[PDB]
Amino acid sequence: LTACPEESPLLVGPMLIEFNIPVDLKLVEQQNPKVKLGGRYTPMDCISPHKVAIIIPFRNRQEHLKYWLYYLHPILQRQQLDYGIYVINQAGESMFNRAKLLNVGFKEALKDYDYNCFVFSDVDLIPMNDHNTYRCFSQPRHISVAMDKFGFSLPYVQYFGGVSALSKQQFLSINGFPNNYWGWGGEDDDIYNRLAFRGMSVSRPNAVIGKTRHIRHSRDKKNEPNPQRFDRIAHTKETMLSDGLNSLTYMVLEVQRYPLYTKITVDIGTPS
C-alpha cells in the first residue's frame, strides 16, 4: 500500500447542512459499514499519515451528537483519515469544564492507538465543505473559521473556539489545555495564548471552504459565563506551566464502545 494522495480524490466540496431532519444512528451505522466499533476508521486503499483522535467535550447533547455523527463520518472517510471518535461525557451536575474534558480526551485516546493528531470539536459544529480537512498541519489549526453564527466572519483574528487541531507534539509543547476554566468562555483564548507563548502560529483554511454550521441552541444550566475568565486569560503566561496536562486529574467511571463512537464518562471534579 502507498501513502494516500495529498488531496483526497473523493472530496465533493460544498455540501448541504441542515438540522430540521430527525436522525437514526442505526441508518447511520448501516450507511457507513466501513466504520468499526468505537467509531474507528482506517483507509483501505492507502496509508494515511494522519492518525486522528477526534475529541468531543460532552454532557446532555445526544441530539447534537446524532447530527454530528450523521454528517462527519461520511466526510472523515472521504478525507482519507485514520480516525477515531471520542465523546468525553462529564459525569455529575457540577459546572461544565470544556477544556479539562478535552485534556482527558487526549490522554484516554492515546491509550487506544498511536494517534499523532488531535481534533478538538464542539458537538454542534458541522463543516460545510469537505475540503476543510480535519487533520493537523505545520502549525496549530483553527478549523471552524467561518461559522454561520458569526456570519462567516472570524469574531476577531485570535479566535480559536469551535473546532481546532493540534498534533501530539504541538499539544505537548503547551502542556495541553488548562484545567482551571469552569463554566463558559475564555478557555479557547487561554489556549490561543499558550500557542503564541510557545512561539507557534494559527493555521486556517480560507473563509470559503472553512464555512461551518452551528446547531442553534439555548444556554446550558451549569455552564454559565465564567466571571473569572477575563483575568484568567490575562495571566496565561504564568499559569500554563503548572495548569495543564501535567496537573490533570480525573476518574474514568465508565467506557462504552458504540458502533459510531467511544463514550468515556468521567468525573473531572468541581471548581475549587
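Note that residue numbering follows the sequence shown and begins at 1.
Asker: In the PDB record, does 226 to 234 or 52 to 60 carry the higher mean Cα temperature factor?
Answerer: Higher mean C-alpha B-factor: 226 to 234.
Asker: Of the two stretches 41 to 49 and 239 to 247, which shows the higher Cα B-factor on average in the entry?
Answerer: Taking the mean C-alpha B-factor of 41 to 49 and of 239 to 247, the larger value falls to 41 to 49.
Asker: C-alpha B factor of residue 255, ranked within the chain: lowest, middle or highest third?
Answerer: For residue 255, whose C-alpha B-factor we compare with every modelled residue in the chain, the answer is the middle third.
Asker: Split the chain's modelled residues into thirds by Cα B-factor; is residue 187 in the lowest, middle or highest one?
Answerer: For residue 187, the deposited C-alpha B-factor lands in the lowest third.
Asker: Relative to the other modelled residues of the same chain, rank the CA B-factor of residue 104 and answer lowest, middle or highest third.
Answerer: Lowest third - that is where residue 104 ends up once the chain's C-alpha B-factors are sorted.
Asker: Is residue 270 in the lowest, middle or highest third of its chain when residues are ranked by C-alpha B-factor?
Answerer: Middle third, going by the recorded CA B-factors of the chain.
Asker: Place residue 152 in the lowest, middle or highest third of its chain's C-alpha B-factors, as listed in the PDB entry.
Answerer: Its C-alpha B-factor belongs to the middle third of this chain's values.
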